[PDB]
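In what follows, a structure is listed as structure tokens, so that the remarks can point back to it.
Quick note: the coordinates plus some simple rules give every number you see, no bench work behind them. So basically every Cβ, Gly included, is an ideal-geometry build from the backbone, and we count neighbours across all protein chains shown.
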Amino acid sequence: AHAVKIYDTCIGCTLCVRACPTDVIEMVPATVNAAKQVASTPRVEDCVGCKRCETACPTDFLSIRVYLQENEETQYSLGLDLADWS
Amino acid sequence: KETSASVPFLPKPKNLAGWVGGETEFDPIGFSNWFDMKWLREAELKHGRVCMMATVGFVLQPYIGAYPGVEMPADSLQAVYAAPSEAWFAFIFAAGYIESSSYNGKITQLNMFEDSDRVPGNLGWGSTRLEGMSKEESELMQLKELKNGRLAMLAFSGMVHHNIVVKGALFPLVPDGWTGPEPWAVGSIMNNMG
Amino acid sequence: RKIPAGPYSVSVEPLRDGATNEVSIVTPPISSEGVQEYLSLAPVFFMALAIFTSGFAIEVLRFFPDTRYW
Amino acid sequence: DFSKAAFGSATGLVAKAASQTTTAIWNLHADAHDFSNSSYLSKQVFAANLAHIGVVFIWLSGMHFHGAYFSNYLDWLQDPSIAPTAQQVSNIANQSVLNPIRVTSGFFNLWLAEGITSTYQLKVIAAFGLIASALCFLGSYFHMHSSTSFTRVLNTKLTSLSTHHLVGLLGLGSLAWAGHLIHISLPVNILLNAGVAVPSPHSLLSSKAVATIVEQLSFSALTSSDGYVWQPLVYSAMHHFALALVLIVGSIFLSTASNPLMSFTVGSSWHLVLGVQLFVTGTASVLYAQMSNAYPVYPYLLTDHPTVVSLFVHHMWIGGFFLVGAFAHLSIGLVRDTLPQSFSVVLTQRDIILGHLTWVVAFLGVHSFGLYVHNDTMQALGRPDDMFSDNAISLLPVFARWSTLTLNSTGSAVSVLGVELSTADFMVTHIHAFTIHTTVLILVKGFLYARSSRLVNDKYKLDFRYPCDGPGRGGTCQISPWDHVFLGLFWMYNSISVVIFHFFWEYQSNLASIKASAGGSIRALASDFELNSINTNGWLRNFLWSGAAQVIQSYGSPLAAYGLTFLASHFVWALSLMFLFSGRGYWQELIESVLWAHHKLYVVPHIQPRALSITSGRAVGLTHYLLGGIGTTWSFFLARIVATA
Amino acid sequence: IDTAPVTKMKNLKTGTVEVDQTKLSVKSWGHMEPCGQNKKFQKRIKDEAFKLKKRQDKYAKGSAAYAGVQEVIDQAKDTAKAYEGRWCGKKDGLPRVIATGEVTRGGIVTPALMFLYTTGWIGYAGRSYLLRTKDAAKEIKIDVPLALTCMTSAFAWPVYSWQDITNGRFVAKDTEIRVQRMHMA
Ligand code: CLA
Ligand code: CLA
Ligand code: CLA
Ligand SMILES: CC1=C(C#C/C(C)=C/C=C/C(C)=C/C=C/C=C(C)/C=C/C=C(C)/C=C/[C@@]23O[C@]2(C)C[C@@H](O)CC3(C)C)C(C)(C)C[C@H](O)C1
Ligand SMILES: CC1=C(C/C=C(\C)CCC[C@H](C)CCC[C@H](C)CCCC(C)C)C(=O)c2ccccc2C1=O
Ligand code: SF4
Ligand code: SF4
Ligand code: SF4
């Protein structure tokens, strides 16, 4: 499961949420940005690692970071379509 | 509307208003609008002065002989080959010093006329003669200098290319049995049946 | 312009009444300032500089073949 | 106004800070001809086509100008055996060694087939080509700036377009060419072959010339009209007349009331038409490449071996490129259409078709290259009787050695074309089939997995040309239809390279065999190709290394230019390797360090230096790879076939 | 049965390394001689002239091709006469480039100075344009009068550049430019 993290620099764009093809990122209330909302990743197990969320983050560097973990691949992380491991 | 006095079928070029030779306002291409007029005037004056000295040298070189030893060739174009190396080095040193101390190092198109009161073409060589006189007379003298400079530029170009076509000295113009210049050598797009 | 025509069109509107004796110049409405601006483009200016440099080298090689004065 | 809009792309590039990067410049170049969907898309396409026609007319005019002024066309007319040169080379630097460049484009044979005997005619053709190019440029301008929208030509007026192309363009052009042949290309070749001087071509249109000097309509004329250089022109004239007749008759005897582009948008319709047109043009180029040496049609063409080789190889390359571009534009049209429901059966049999093609490619590759490697191993082990050859296990292409049929007043092409095939031909033909199948596999996979795939399920949202979807799902690089065309171009290069290698080795083998002498009539095998083109070592030794002597020993000879282009092609091909193997990020960091070095000296360029994008890097690498490989083959073939023939 | 040509070393056990001052010049080196009397170089020139004459003989007298090859022959003769002053080995005959630093025929100091001046001119012209056109618009759209002003004004690059270097207007302070400190230095 590719770990995905959210940092203080997030400004509540919701672009990372809209860019996720597997509904990993999620908008929680917070008191750190003017938008009063901050991205969170409660469904990292569905993260394929495509880094579309990083392509849509407007901050100077990625307020959302996807750390690929090749030693912990999952059928959800590998995007398996014809093989089931459950 | 306004048209140039010299070229009646072209617009009157700006930036030639207050200048010595600007009353004829001849600038068809219009480098006035593109470049600083101070630099253009300085370049014109320097070219004219260089070419006037060059014209009198070219004319008088086959006369006033040369340095004891070198043979000033009748055709002045070969004088560069006949010139001693020490003479060339002295000439280069003198030209460099004269042209580099004249502007205190601001000898470039971006920095020459950037200080303030750098009058175009006023290197201080006898400028006191113009310090007197009466405006119109001083401008008349400057116009005489400009017209002689242009004339000598064209004349020196003509002298060089006359020595090229004749392959000889300047003064024995059109030698006996001339029948026109020899056709130009070396190939071209029209030489290989273009 | 109800009839769909491309941008920068020298075409009169095709929705006209009986035959019109009108002047419709089919030549590009170019501008001298615009032409000078276009020839000052980085591709145009630098390709012209490269062509000038290459031709200068060509002429130097023609009139001074090889490095005879090394 | 228009001049202001000429640099409008650059003005838009500098208007926004986001487009003040070198990547913006590369995008401006990459998106140059990518005419976006708009009300004037068809105008833009048609005007671009007409402008390209003008460019080709400029090229034809230049070629005729070189024939008129910088060619020994008259000397070639007096003696066809001499080397056709049509490019003078001025004495600059030290290039004087290659001053006469033997042109292998076949223009001399073409002009002789056109009845051209004087360089004045070539001058006139060059002038009229310039005039035609000017007219095409005027028309392209007009259509882009003042004409009809042209949006109805592919859907509404497709019947009119197709009927006009069938009757007017094709049929009337063939009929006019038949008239030209019969009237000035046959008589001029008659009077040149007989050596009885050639009058003005218009004097042949007098109704008092050979048109009415004798009314006999068979092979019988003044003295003895037994010229066999002339008969191919007679056959060409008959073919053009028959083709014009059948086209005109069948056009009015055809339905043509079926436009499959009703369900496609105008942009996707244009892309699909371009794809099918590219497929047709590419297969036509390949067919012409085969038929050029299969059937003699130009005077003194087969005698000029470099011309034959160049025509074959060039048209094979063009056919391969256009066949790849066909699938490229099919993919573009499919992925850029809103509702491309027409390809429902193939997008629902996606995996079935792709997997069966995958098995076909795997089977063909293992079998063909295993025959080759098995022959290599057996020859290395000293087991020539265990190889796949005529003196061993024989893979005789039986399906090739039969064309017998009921005569019904026919001849010539009722057989295998009088050529016997052997094991080497079988194996190399299967190699060709496998390489073609692999190229088609990549292209068809790009087409099918263009809108969606099992890996990425929204690839239609990503358009046609994208670098990847990310390092997720294990890695999704090169999933785009553009990347599939990118790989299919490499495999087309491989396929066409093997095809032209087969043709060139067979051609040289036949030339050596017909150089038996006259008495030598047991060629046994000999046939260097047939005896050695069964091993990879056989190729590497007797074709590449053997024929490279001409191109590497060309220094100090007129083929030194071929040698230098050989070296430059190798250089460009290794530079391609540089671009293909590497990645964008590293170069970006290197550019960051270099840009720090610049900033340290107050240089600071504002068009921020960005390294080539992923797709841009792949495209540059592919361009250099194709250029290097094709140039190496070009230099090698031309040096080998000019020095030795 | 033999090995590669065995070379002979200096069994320099004297404890000193002697460098001959008189051997610090091209004219004093025993492996390169002037091209004028180099037999191999003369043979190369003769072979080149013979090949040019053979190429000329293909074309008939008075033709344009004959004149072209004749001009090539004249160029080769003049080039040979010029190269007679070069230095070309003793077994190759190919003129050599002396990169020691001695000002000799075929040396490197004068070409190095000419190239360095020309390219410092180029770089200073570009840098001056970028400094006086701090704008991406003027980068994509060349200001031709200003560009040519900078190009013709960069002739004084060697002295202006050093003045700026010594006066602090050439280099930029490391704390004022984008320097890589992502490791949180
Ligand atoms: C009838 C022929 C034809 C036409 C009209 C088009 C038209 C188009 N193609 Mg296309 N294509 C074709 C054939 C054709 N193609 C073939 C045969 C192939 C397979 C090789 C492709 C592969 C292809 C791809 C992969 C893509 C296109 C794209 C496009 C679109 C934009 C093109 C663009 O901006 O390029 C601008 C022009 C250039 C980039 C030209 C640059 C020069 C090229 C890259 C190399 C040339 C090297 C040269 C031959 C050697 C130099 C000489 C040497 C001596 C130095 C446009 C609709 C693009 C698109 O998005 O479509 C919507 C796209 O991604 N095409
Ligand atoms: C793939 C291509 C290929 C082919 C066709 C062959 C063929 C052959 N090799 Mg060979 N070889 C190859 C590649 C290939 N080689 C490569 C790449 C190498 C290098 C490692 C070698 C190295 C090699 C050696 C060292 C030797 C051979 C030998 C042989 C021969 C005997 C092999 C054998 O026992 O067959 C075994 C065959 C089978 C077990 C049957 C497999 C094929 C069946 C028929 C497929 C049927 C599919 C079926 C139709 C599916 C539909 C069913 C459905 C309808 C129900 C034979 C002519 C030997 C020899 O000298 O003989 C001349 C030998 O000593 N080979
Ligand atoms: C104003 C122009 C300019 C200037 C002053 C410099 C200056 C420098 N560059 Mg540089 N560079 C430039 C343009 C320029 N570059 C361009 C356009 C590119 C893209 C090709 C590069 C790519 C580049 C790389 C990859 C590297 C440098 C390096 C360097 C440094 C060492 C010198 C060197 O190796 O040059 C060599 C220059 C090149 C290899 C590319 C030159 C390309 C052209 C000739 C330069 C453009 C000149 C400009 C257009 C003039 C227009 C004037 C007009 C507008 C008035 C030096 C600080 C090196 C470095 O960091 O070392 C510390 C290094 O590794 N540069
Ligand atoms: C400024 C100053 C001073 C000064 C000064 C100086 C040096 C002033 C000098 C003025 C000078 C030296 C002015 C030359 C003009 C030459 C001309 C016009 C050439 C005409 C040549 C012409 C018109 C054409 C000639 C032809 O050749 C052509 C073209 C073709 C030939 O076939 C035919 C002929 C030959 C006919 C002081 C007083 C010393 C100190 C003071 O403090 C500062
Ligand atoms: C080198 C390289 C770059 C760097 C390439 C850049 C920055 C392009 C700029 C190169 C300049 C424009 C070269 C200009 C042309 C050369 C000077 C050579 C042509 C002219 C000579 C023949 C005289 C990438 O951006 C890249 C991206 C993705 C995969 C691989 C690579 C890659 O390999
Ligand atoms: S795009 Fe980036 S800044 Fe915006 S909400 Fe998502 S993580 Fe935060
Ligand atoms: S990498 Fe892709 S799947 Fe994973 S969180 Fe980011 S957008 Fe979602
Ligand atoms: S390596 Fe490049 S192309 Fe492949 S997934 Fe990563 S970014 Fe995309």
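Things to note:
- Qualifying residues in the range E:134-177 (those that are β-branched (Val, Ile, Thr) and farther than 15 Å from D:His599 by Cα) - the one farthest from the chain's Cα centre (by Cα): E:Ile140
- Lone qualifier among B:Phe113, B:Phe156 - being within 14 Å of chain E (Cβ to nearest Cβ) and away from ligand 7 (no atom under 16 Å from the Cβ): B:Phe113
- When residues in the range C:1-30 are screened for being facing chain D (nearest Cβ under 7 Å) and more than 23 Å from D:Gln44 (Cβ to Cβ), 0 of them pass.
- Residue within the range D:473-486 that is within 16 Å of ligand 5 (Cβ to nearest atom), in contact with a helix residue (DSSP H, G or I) (Cβ under 9 Å, 6 or more places away or on another chain) and either part of a loop (DSSP other than H, G, I, E, B) or within 10 Å of chain A (Cβ to nearest Cβ) (or both) present: yes
- Scan of the range C:12-40 for residues that are in contact (Cβ under 8 Å) with a residue 12 or more places away in the chain and surrounded by 12 or more Cβ atoms within 10 Å (Cβ to Cβ), ordered by number: C:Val12, C:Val26, C:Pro28, C:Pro29
- Here E:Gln180 meets each of (1) polar (S, T, N, Q); (2) surrounded by 16 or more Cβ atoms within 10 Å (Cβ to Cβ); (3) within 9 Å of chain D (Cβ to nearest Cβ) with one exception, condition (2).
- Residues of the range E:44-64 include none that is exposed (fewer than 10 other Cβ atoms within 10 Å of the Cβ), closer than 27 Å to E:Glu84 by Cα and in contact with a helix residue (DSSP H, G or I) (Cβ under 8 Å, 6 or more places away or on another chain).
- Restricting D:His202, D:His165 to residues that are under 27 Å from the mean Cα position of the chain (by Cα) and free of Cβ contacts under 8 Å to residues at least 12 places away in the same chain narrows the list to D:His165.
Conditions tested, residue by residue: (1) more than 14 Å from chain D (Cβ to nearest Cβ); (2) away from ligand 8 (no atom under 16 Å from the Cβ); (3) in contact (Cβ under 8 Å) with a residue 24 or more places away in the chain; (4) surrounded by fewer than 16 Cβ atoms within 10 Å (Cβ to Cβ).
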| site | (1), (2), (3), (4) |
| --- | --- |
| A:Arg18 | no, yes, yes, yes |
| A:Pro21 | no, no, yes, no |
| A:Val28 | yes, yes, no, yes |
| A:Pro42 | yes, yes, no, yes |
| A:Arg52 | no, no, yes, no |
| A:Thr55 | no, no, yes, yes |
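- Some residue of the range A:1-9 being within 20 Å of D:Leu455 (Cα to Cα) and touching a residue at least 60 places away in the same chain (Cβ under 8 Å): yes
- Residue in the range D:585-600 that is over 30 Å from D:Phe388 (Cβ atoms) and either more than 16 Å from ligand 3 (Cβ to nearest atom) or touching a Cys at 6+ places or on another chain (Cβ under 8 Å) (or both) present: yes
- Residues in the range D:543-564 that are surrounded by 19 or more Cβ atoms within 10 Å (Cβ to Cβ) and out of contact with any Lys or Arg (no Cβ under 7 Å at 6 or more places or on another chain) were compared, and the one that is nearest to D:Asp528 (Cα to Cα) is D:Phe543.
- Filtered by the rule that a residue be within 14 Å of chain A (Cβ to nearest Cβ), in contact (Cβ under 8 Å) with a residue 24 or more places away in the chain and either away from ligand 1 (no atom under 11 Å from the Cβ) or within 19 Å of D:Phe322 (Cα to Cα) (or both), the range D:455-472 gives D:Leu455, D:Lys459, D:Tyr460, D:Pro467, D:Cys468.
- Elements of type helices (runs of 4 or more DSSP H) in the range D:14-116, at least 2 residues being of a type in the set (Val, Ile, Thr): D:22-30, D:41-69
- Scanning the range D:487-499 for residues that are surrounded by fewer than 22 Cβ atoms within 10 Å (Cβ to Cβ) and away from ligand 5 (no atom under 16 Å from the Cβ), we see that the one that is nearest to D:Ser310 (Cα to Cα) is D:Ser497.
- Hits in the range D:401-430 - residues which are part of a loop (DSSP other than H, G, I, E, B) and surrounded by 10 or more Cβ atoms within 10 Å (Cβ to Cβ): D:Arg401, D:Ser403, D:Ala413, D:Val414, D:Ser415, D:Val416, D:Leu417, D:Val419, D:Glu420, D:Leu421, D:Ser422
- Any hit, the range B:56-65, residues being surrounded by 15 or more Cβ atoms within 10 Å (Cβ to Cβ) and under 30 Å from B:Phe26 (Cβ atoms): yes
- Condition broken by D:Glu589, with the remaining ones in (1) more than 13 Å from ligand 1 (Cβ to nearest atom); (2) part of a helix (DSSP H, G or I); (3) farther than 23 Å from D:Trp26 by Cβ satisfied: (3)
- The condition (being touching a residue at least 12 places away in the same chain (Cβ under 8 Å), of a type in the set (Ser, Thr, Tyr) and crowded, with 18+ Cβ neighbours inside 10 Å) is satisfied by just one residue among D:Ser96, D:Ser71, D:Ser19, D:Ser39: D:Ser71.
- Selection from the range D:572-587 of residues that are over 10 Å from D:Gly617 (Cα atoms), more than 8 Å from ligand 5 (Cβ to nearest atom) and surrounded by 15 or more Cβ atoms within 10 Å (Cβ to Cβ): D:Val572, D:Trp573, D:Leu575
- Any hit, the range E:155-164, residues being at the interface with chain D (Cβ under 10 Å from one of its Cβ atoms) and surrounded by fewer than 12 Cβ atoms within 10 Å (Cβ to Cβ): no
- In this entry, D:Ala433 is excluded by the filter for residues that are in contact with an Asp or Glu (Cβ under 7 Å, 6 or more places away or on another chain), more than 14 Å from every other protein chain (Cβ to nearest Cβ) and assigned to a helix (DSSP H, G or I).
- Unique residue being of a type outside the set (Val, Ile, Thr), within 12 Å of chain C (Cβ to nearest Cβ) and more than 15 Å from ligand 1 (Cβ to nearest atom) when the list is D:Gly12, D:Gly62, D:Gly8: D:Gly8
- Selected residue (only one of E:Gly120, E:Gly101 is away from chain C (no Cβ under 13 Å) and in contact with a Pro (Cβ under 7 Å, 6 or more places away or on another chain)): E:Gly120
- All of E:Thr118, E:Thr149 fail the test of being surrounded by fewer than 16 Cβ atoms within 10 Å (Cβ to Cβ) and away from ligand 5 (no atom under 16 Å from the Cβ), apart from E:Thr118.
- Within the range D:596-609, considering residues that are buried (at least 17 other Cβ atoms within 10 Å of the Cβ) and either closer than 20 Å to D:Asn27 by Cβ or within 35 Å of the chain's Cα centre (by Cα) (or both), the one nearest to ligand 2 (Cβ to nearest atom): D:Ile607
- Meets criteria (more than 16 Å from D:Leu531 (Cβ to Cβ) and free of Cβ contacts under 8 Å to residues at least 60 places away in the same chain) for D:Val398: yes
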